[PDB]
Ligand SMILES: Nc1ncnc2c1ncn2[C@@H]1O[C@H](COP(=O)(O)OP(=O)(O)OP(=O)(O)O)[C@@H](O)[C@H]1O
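Heads up, the chain below is alone and in the form deposited without ligand ATP; it's given as structure tokens.
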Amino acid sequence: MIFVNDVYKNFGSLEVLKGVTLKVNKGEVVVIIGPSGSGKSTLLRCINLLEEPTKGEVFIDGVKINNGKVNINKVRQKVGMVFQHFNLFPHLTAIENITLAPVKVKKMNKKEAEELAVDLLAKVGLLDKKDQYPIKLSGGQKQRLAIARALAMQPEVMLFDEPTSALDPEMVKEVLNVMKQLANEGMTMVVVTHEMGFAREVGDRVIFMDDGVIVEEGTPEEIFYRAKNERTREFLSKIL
């Protein structure tokens, strides 16, 4: 399903990923953590090719997507992405935000799309906001909206790029709860996060990255209670 294969990423002289490999299969919740400059967000963004590897390859569902020989829009149809600074379409209302891609991409019909949308707004607790514009929403409401929007394309895996780190503290829980609900329903997830409670409560794997490389991985409990590597322990000591 997801196979990032020994990729490297440079931004000029800035080496961000220096040989990284990640495999994730259906139903896993994988959580990637580390300090700034670990490269975790660039890895996450290679998976749906918002970033292109300098070297190495990424396969989704077993076919290579960074060889120019693939319809990348259909690849991205399958691989959802939720952004740190929520990337809502300002000129579109909540429900419009949700129905734009199903109608334009899947050629879904307006009525059916609207039913999908009202079901999703209901699911993430935004039903009362369907005809509101982004400006009028709180951070938590925005991220929940964006998650509804990604869900309306019914992806097979969902990517989360620090979805709560631009939120006010009193705003974090409500977003993490929607994420956890997704985990409980079997959604495949790769989550880049600072919130270690989430990784504990619902992650199947925790990946620890540092200086553009994976230095240790294991179950949440192995990493948070029995990390074997020096650097993992050091990082966790500053952060926990």
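The first residue of the shown sequence is 1; numbering continues from there.
What comes next is about the form solved in complex with ligand ATP, which does not appear here.
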Candidate stretches 174-182, 66-74, 199-207, 39-47 - the one whose heavy atoms come within 4.5 Å of ligand ATP in the entry with it bound = 39-47
Quick one: does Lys26 come within 4.5 Å of ligand ATP in the entry with it bound, counting heavy atoms only?
-> no
Is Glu195 close enough to touch ligand ATP in the entry with it bound, meaning at least one heavy atom pair within 4.5 Å?
-> no
May I ask you to check whether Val16 falls inside a 4.5 Å heavy atom distance of ligand ATP in the entry with it bound?
-> yes
Please run the contact check for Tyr225 against ligand ATP in the entry with it bound: heavy atoms, 4.5 angstroms, yes or no?
-> no
Looking at ligand ATP in the entry with it bound, is some heavy atom of each of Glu52, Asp61 and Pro155 within 4.5 Å of it?
-> no
Which residues within 161-175 place at least one heavy atom within 4.5 Å of ligand ATP in the entry with it bound?
-> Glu162
